[PDB]
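Observations on chain architecture
Residues per chain are reported as follows:
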Amino acid sequence: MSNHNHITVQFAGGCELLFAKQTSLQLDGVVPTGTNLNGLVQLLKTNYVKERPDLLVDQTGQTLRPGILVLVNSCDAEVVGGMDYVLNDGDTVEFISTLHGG
């Protein structure tokens, strides 16, 4: 039908409200070889970010706070790089908050 790469950007727990209470999203590109994680997140939050944009970011507005567990292709996203995972169409990224704090 139209299964060409496709991006898997979804949320879990209390992070769905950081976009539009959506279960998952898919982006259609052409040549994301020149794109990285920092560019992927900013494209989802800086481009929309319903809730406080400063509530997810770590501090430099480049990465996210430890409370959220980022994973790529059903695997730890921090291991591969954390904030340097280059995209190439057909990637997967998740944001699940755990550390509530205050």
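Here we summarise the structure given alongside this text. The numbering scheme counts residues from 1 along every chain following its written sequence, independent of the entry's numbering, with residues that lack coordinates not shown. For the side-chain quantities, the full set of heavy atoms in the structure was used; hydrogens and water were omitted.

1. Quick look at the packing of aromatic side chains
For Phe, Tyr and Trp, where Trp contributes only its six-membered ring, two rings pair if their centres lie within 6.5 Å, and the inter-plane angle classes them as stacked under 30 degrees, edge-to-face over 60, or tilted in between. Taken as a whole, this structure holds two aromatic pairs when the rule is applied. On the basis of an interplanar angle of 40° and a centroid distance of 5.3 Å, the ring pair of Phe 19 and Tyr 48 is categorised as tilted. Pair noted here: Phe 19 is in the loop between β1 (8–12) and β2 (24–25) and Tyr 48 is in the loop between α1 (37–44) and β3 (68–72), with a separation of 29 residues, a long-range link. Partly exposed describes any residue whose relative accessible area lies between the buried limit of under 20% and the exposed limit of over 50%, with all areas from a 1.4 Å probe on protein chains only and scaled to the type maximum. Residue classification places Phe 19 among the buried positions, given a relative accessible area of 15%. By relative accessible area, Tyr 48 is classed as exposed at 58%. Helix and strand assignments come from DSSP, with helices taken as H or I runs of at least 4 residues and strands as E runs of at least 2, each series counted from the N terminus.

2. A look at α1
Among the residues of α1, those classed as buried are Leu 37, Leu 40, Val 41 and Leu 44. Taken around the axis of α1, the buried residues stretch over an arc of 95°, which confines them to a single face. Contact between two residues is taken to exist if any of their heavy atoms lie within 4.5 Å; hydrogens are not considered. Looking at the buried positions of α1, the neighbouring elements they touch are β1 and β4 (92–97). The arc refers to the directions leading from the helix axis to the C-beta atoms.

3. Quick word on the environment of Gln 59
When you line up the elements, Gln 59 lands in the loop between α1 and β3. Taking the C-alpha atoms as reference, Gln 59 lies 18 Å from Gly 81; in sequence the two are 22 residues apart.

4. Focus: the environment of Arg 52
By the element assignment, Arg 52 lies in the loop between α1 and β3. The class of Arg 52 is exposed, set by a relative accessible area of 63%. Measuring from C-alpha to C-alpha, the distance between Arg 52 and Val 72 comes to 24 Å, with 20 residues separating the pair along the chain.

Honestly, it's all geometry; don't read function into it.
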